[PDB]
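Enquirer: Build me a structure from this.
(chains A, B, C, D, E, F, G and H)
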Amino acid sequence: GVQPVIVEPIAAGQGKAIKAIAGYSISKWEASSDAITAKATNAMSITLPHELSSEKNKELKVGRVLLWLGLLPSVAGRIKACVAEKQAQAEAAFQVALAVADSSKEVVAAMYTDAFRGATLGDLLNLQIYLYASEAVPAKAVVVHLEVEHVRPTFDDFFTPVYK
Amino acid sequence: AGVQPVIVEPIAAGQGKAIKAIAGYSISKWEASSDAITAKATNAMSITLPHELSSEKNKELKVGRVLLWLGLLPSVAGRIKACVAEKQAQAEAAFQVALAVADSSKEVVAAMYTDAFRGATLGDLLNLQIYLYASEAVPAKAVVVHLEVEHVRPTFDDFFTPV
Amino acid sequence: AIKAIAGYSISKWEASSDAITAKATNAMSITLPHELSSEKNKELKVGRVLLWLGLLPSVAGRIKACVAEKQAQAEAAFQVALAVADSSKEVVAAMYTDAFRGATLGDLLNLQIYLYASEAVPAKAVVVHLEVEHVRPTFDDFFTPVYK
Amino acid sequence: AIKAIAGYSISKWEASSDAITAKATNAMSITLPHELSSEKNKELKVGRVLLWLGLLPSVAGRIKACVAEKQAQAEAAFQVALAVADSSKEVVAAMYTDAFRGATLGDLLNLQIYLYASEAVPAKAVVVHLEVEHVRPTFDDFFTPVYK
Amino acid sequence: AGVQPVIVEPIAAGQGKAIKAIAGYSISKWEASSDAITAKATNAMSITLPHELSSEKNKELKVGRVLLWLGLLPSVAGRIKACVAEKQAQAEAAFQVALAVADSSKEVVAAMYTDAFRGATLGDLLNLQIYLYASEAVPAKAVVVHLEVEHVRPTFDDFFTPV
Amino acid sequence: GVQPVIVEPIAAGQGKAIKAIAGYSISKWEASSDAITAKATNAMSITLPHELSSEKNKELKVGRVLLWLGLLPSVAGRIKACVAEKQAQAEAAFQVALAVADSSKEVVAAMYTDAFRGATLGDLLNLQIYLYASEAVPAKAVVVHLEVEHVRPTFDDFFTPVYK
Amino acid sequence: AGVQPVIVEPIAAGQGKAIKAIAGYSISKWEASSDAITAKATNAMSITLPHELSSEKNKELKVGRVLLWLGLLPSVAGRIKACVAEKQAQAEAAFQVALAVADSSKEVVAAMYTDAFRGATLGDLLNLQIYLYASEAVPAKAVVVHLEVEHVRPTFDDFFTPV
Amino acid sequence: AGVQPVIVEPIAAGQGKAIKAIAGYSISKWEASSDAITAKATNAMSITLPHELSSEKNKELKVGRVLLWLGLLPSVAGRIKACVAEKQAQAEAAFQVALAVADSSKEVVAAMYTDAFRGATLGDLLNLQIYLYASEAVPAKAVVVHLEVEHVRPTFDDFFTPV
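Expert: Numbers count the residues shown, from 1 in each chain, chains lettered A, B, ... in the order given. Take a look:
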């Protein structure tokens, strides 16, 4: 038997949300870019937030990583980005990356389901963000957002003992 | 498993499901008109509550989902973008952090904010703004911005004013 | 206070006044809010109607107001109206318990508001408040479909 | 008399008046008592509000008072207030049954009291009494801990 | 019996039990400011009821426990004493017969009168006084005296004034 | 019968830790001071962190508040602090505060079990921190730490939807 | 039958199922770099086994599926094609008989050979070649060719070298 | 409840409970000597692992509780403070953020870090430092700093070196 179906159009920001696995939490932080010359690639380092920068918190395992970039409404051209290891040549990172966020798509994002799974929060300081631009753009024209899924920090529900 | 045959039935404008407000909530709708826009420029306009919800009794109600959709003149040529975000120092920077953008070059010109403002109050919507971008120069009164906000149903409004 | 009948709601709005010459009466039309101006909404039944008016504290003299059908002689409306809001007594209000219970929202466009003053009164000195009870609209708990 | 709803209490205080010029209106702010001025107490819900005022027996002329949101034009408040306490009729009082039922005690700082007189009136001639019903505070049946 | 080992847990300011009023009673609190004090001298100041308890209806309620505690400016140097007693011909003699004295050189600057005034009326507290002593000269508005009095809960105060 | 007991001495930082109530979480942040003249009081405002500064997050209720101050090892004199409402005269805040942290005690801390209970995170911007100094001290000589117990932020375990 | 409504959920790069090797098989991956290409010309490059599979013991294992996918520099402009086929006298003729072509103008730049080489040996992959075509002139080291080959899992490799 | 009478038994030095390491953990102890200290000055000295725990195999073990206690010469006069904290730009600033301070003017000259470093590795203790303060000028070799660290018990240390 044949089955007739109707495909219902969907609006922006109306799709489902991915939920973190049990025992895990999601921390979100964002960094800004700088000036890019036409047909060039820049390297951006990754810096942890202040509360996750302690020796105790740098041994939390990592799960999934999501990379989406927000850009100005008047940016003309194509923008691509990826997260990979540190490389001597910047533009060669796109030849080995398992996911690239491209601005000429419907969904400008990249998902790393198992590329970094099993690493620790201290390992993230060894990676970089590579950013290509088809045309010259000024500084702060693109903002990169990063979501890292990691194990829940054990001590957040306790007051500090008062006898210092 | 075997291959299952499927027929896709085309639909016209105005067909599709309509989202229903959750229990105990109501939906209030109002619209705002825009001003003259310079090309590659962005205008910021404040959200203004309707008169029937601007009292102190009503500005303490919770907020659920917010829907933004905008209707243009048929002769309008170019590209339009719009979003609802916090009050920003830079008008064009709000597109870099917004969770949804209504774009006129797509099939559905709308934007839905499912969880961004869930739990705020109706009085907090006065702290937000609407940012509207145009790629080409646009005259005034050419764009109308529609807002659907669902909120807790007010409790004392089916009473006459005692005299 | 008085509560709405089950399945009914109350709508409230107001209309500003114009200048009045001494011992003269004005004829004002009733304009619905934009939300209730659709064709499907003009068919809703009407229950009770309350008319009260608030003045500037410096207004001197007696003011009267009533709502009735369109009259050829403007001052003749105060002779047939079932309630008149007079500003020289305890309650400046007019309650219409049965005068319109059964009409539709479209019929209110056939009525008019008559205002009277015994001394010259500036513009916007009087604000006429109108509270109409009607049937709750059938579709106000849905978002507009996104695909238009 | 009218009794408070279960779980609710009534707070009463007053504010003295200033000098009024003829056909002029004053703008007064609402100041809470010191006991209800804490942050945890500004979050209590508000029920009914009653405003009545007592005058010196030698005061001549008509006096009016109302409470509403801050207005740019001071005299325009008497056009939108849901109740006005007029001193030329049987009951010099104003009852707000639903106008504020649902707000918080902190919202009363956003309202104001407007007073009107038709002749020059000295200072302290009018005393405005304000009785606000609110939710009973959660901790008023305990002594303060001695170890501070 | 064997020796039982015990650990003592230190506590900071603001920790500890709070005493609850007995059934049918309520607690009302008010404060009074002090005047300039000469060294080795004592000032007597009358107890003044708050406006909400000074009517004839309310001045007939019973009294339970009374708590006195006083808060000083941080820069205040010296020693302060205070007590609540009957109206005395000699100001400094009231310390010889008082059942409790609030002293600023101790860890808890407070005084509790559990049974001294139990059974009196709120109107009788106007016959009493507060005696305040200072070892060194003290300027005005440097000491604030707080009074917690528990009494029978008034019966007709949740009613509006009939109009 | 009489009971003999032994009181065991306890070392620094060895007492029990207070646990947050169900559904609540604890956020910790600290601010530094400035120069103080001998026998004077300063007023310090309270600023929320970035993640709790959104319109959605300013309606979370507050539970307990803990105030402890850390000071340099060479600070000589007495330091007192309190958290109260905004006042016209700064030194008058100590006459009405329900807890004062004093440096001449064994435990330099203050606990507000019910003073602020029931308020919202948006109310904290109306309070201040008052700080007295017996002797003149230079700037940054004392650090105030603040712990606020509030309702758990609802959305932290969800990835942002990818269809922007 | 009635019409069934369906919502399509968009997905981003890196989302989707990953194909699992069959039982008793393992997947080994290696890559090769390309040379300078003239426009409308085709280059032929030999398949070279990694060092860990080039012994006589390992060159006798069976082969299953082979996956070809290639990654380009972001600035590379033009069109690229690639395929794995038998050793051909004419370089460009291998596209006329190949069962799959990886094309850079499509959404998925990859090619899968499910049954073409099923049953061959690892040593037979040295008889095959890779043919790479470019519509425009391309410099060297601009294209990297990745090969995933699944094969029977070697039996004696978890042993140390006896000494 | 009735009043219960209690006798307090005094204890001498060396009496009291000894804390036992949790299951699967072991406690390793070592000491460090100090240098000359100027009055109102602070010295920073690095934590150095003993030789038996400085291998790569052992620097991957978890950490539990850390105990700091320091022993002075009998003739040492003044006041001493010490703490273990992260590596700080300002030496004296580490006392403003430390969770425990060992002070020589108290009955117990020690400091316990129950949860500050729980979950770190033995190799991370090399990133930390010890800050030591003296109110009066102190000569060298006058203070000895003792460290008790509990960690996971190593798995391969009861074996001889194979030869």
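Enquirer: how near is residue A:14 to chain G?
Expert: 9 Å (Cβ to the nearest Cβ, to the nearest Å). Any C-beta I mention is one placed from the backbone N, CA and C, and that applies to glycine too.
Enquirer: how deep is that residue tucked in, by neighbour count?
Expert: Other residues lying near residue A:14 total 22 when counted by other Cβ atoms under 10 Å in any protein chain shown.
Enquirer: do residue A:58 as well
Expert: 20.
Enquirer: does it count as helix, strand or coil?
Expert: Put simply, residue A:58 is helix when judged by DSSP: H, G, I helix; E, B strand; the rest coil.
Enquirer: Residue A:99 now?
Expert: When classified by three-state DSSP, residue A:99 comes out as coil.
Enquirer: Quick one: residues contacting it.
Expert: Each residue near residue A:99 by Cβ atoms under 8 Å, 6 or more residues apart in numbering or on different chains is listed here: A:67, A:82, A:110, A:111, A:112, A:115, G:12, G:13, G:14.
Enquirer: Could you tell me how many residues sit around the fifth one?
Expert: To tie it back to what came earlier, the one meant is residue A:112. Residue A:112: 22 neighbours (other Cβ under 10 Å).
Enquirer: Okay, and the beta partners of it?
Expert: residue A:65 (DSSP bridges).
Enquirer: Can you verify my assumption that it contacts residue A:83?
Expert: Yes. Taking Cβ atoms under 8 Å as the definition, residue A:112 is a contact partner of residue A:83 at 6.8 Å.
Enquirer: Identify the contacts common to the two.
Expert: A:65, A:67.
Enquirer: right, and residue A:130 touches residue A:46 too?
Expert: No. Taking contacts as Cβ under 8 Å, residue A:130 lies outside contact range of residue A:46: 11.7 Å.
Enquirer: Of those two, which one has the most company?
Expert: Per other Cβ under 10 Å, whichever of residue A:130 and residue A:46 has more neighbours is residue A:130, with 22 against 16.
Enquirer: What strand or helix carries the more buried one?
Expert: In the assignment (DSSP states H and E), residue A:130 maps to strand A:127-133.
Enquirer: now check that strand, is it near chain B?
Expert: No. Counting by Cβ under 8 Å from any Cβ of the partner chain, chain B has no neighbours in strand A:127-133; the shortest distance is 14.4 Å.
Enquirer: Equivalent analysis for stretch A:33-41, please.
Expert: No. Judged by Cβ under 8 Å from any Cβ, stretch A:33-41 makes no contact with chain B; its nearest approach is 10.4 Å.
Enquirer: Ends of that stretch, what's the gap?
Expert: The first and final residues of stretch A:33-41 sit 12 Å from each other (Cα to Cα, to the nearest Å).
Enquirer: likewise stretch A:42-60?
Expert: 29 Å.
Enquirer: can you pull the buried residues of that stretch?
Expert: Neighbour counts using 16 or more other Cβ atoms under 10 Å in any protein chain shown place A:42, A:44, A:46, A:48, A:52, A:54, A:55, A:56, A:57, A:58, A:60 of stretch A:42-60 among the buried residues.
Enquirer: between the residues you listed, which is nearest chain H?
Expert: Among those, residue A:55 lies closest to chain H (Cβ to the nearest Cβ), at 4.2 Å.
Enquirer: Run through the residues that contact the closest one.
Expert: Here residue A:55 is in contact with H:86, H:117, H:120, H:124, H:127, H:128 (Cβ under 8 Å, 6+ apart).
Enquirer: ok, 7 Å please
Expert: Residue A:55 is in contact with H:117, H:120, H:124, H:127, counting by Cβ atoms under 7 Å, 6 or more residues apart in numbering or on different chains.
Enquirer: likewise residue A:2?
Expert: For residue A:2, counting by Cβ under 7 Å, 6+ apart, the contacting residues are B:5, B:7.
Enquirer: next one: residue A:17
Expert: Here residue A:17 is in contact with F:158, F:159, F:161 (criterion: Cβ under 7 Å, 6+ apart).
Enquirer: Give me the buried entries from those residues.
Expert: Neighbour-count burial (16+ other Cβ under 10 Å) applied to those gives F:159, F:161.
Enquirer: With secondary structure added, can I get the contacts of residue A:17 in JSON lines?
Expert: JSON lines is the format used below for those (three-state DSSP):
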{"residue": "F:158", "secondary structure": "strand"}
{"residue": "F:159", "secondary structure": "coil"}
{"residue": "F:161", "secondary structure": "coil"}
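Enquirer: ok, of the contacts of residue A:17, which one's closest to chain E?
Expert: Among the contacts of residue A:17, residue F:158 lies closest to chain E (Cβ to the nearest Cβ), at 37.5 Å.
Enquirer: in the sheet, who's paired with that closest one?
Expert: Applying DSSP bridges, one finds that residue F:158 bridges with residue A:19.
Enquirer: so it touches residue A:21, yeah?
Expert: No. The pair residue F:158 / residue A:21 is not scored as a contact, 11.8 Å apart, by Cβ atoms under 7 Å.
Enquirer: okay, and the common contacts of those two?
Expert: In contact with both residue F:158 and residue A:21: no residue, using Cβ under 7 Å, 6+ apart.
Enquirer: Chain A: strands as residue ranges?
Expert: A:3-7, A:24-32, A:40-45, A:62-71, A:79-85, A:101-102, A:109-112, A:127-133, A:142-151 (DSSP state E).
Enquirer: Can you tell me which of those is packed in deepest?
Expert: Among the strands of chain A, ranked by average contacts under mean count of other Cβ atoms under 10 Å in any protein chain shown, first place goes to strand A:109-112 (a mean of 24).
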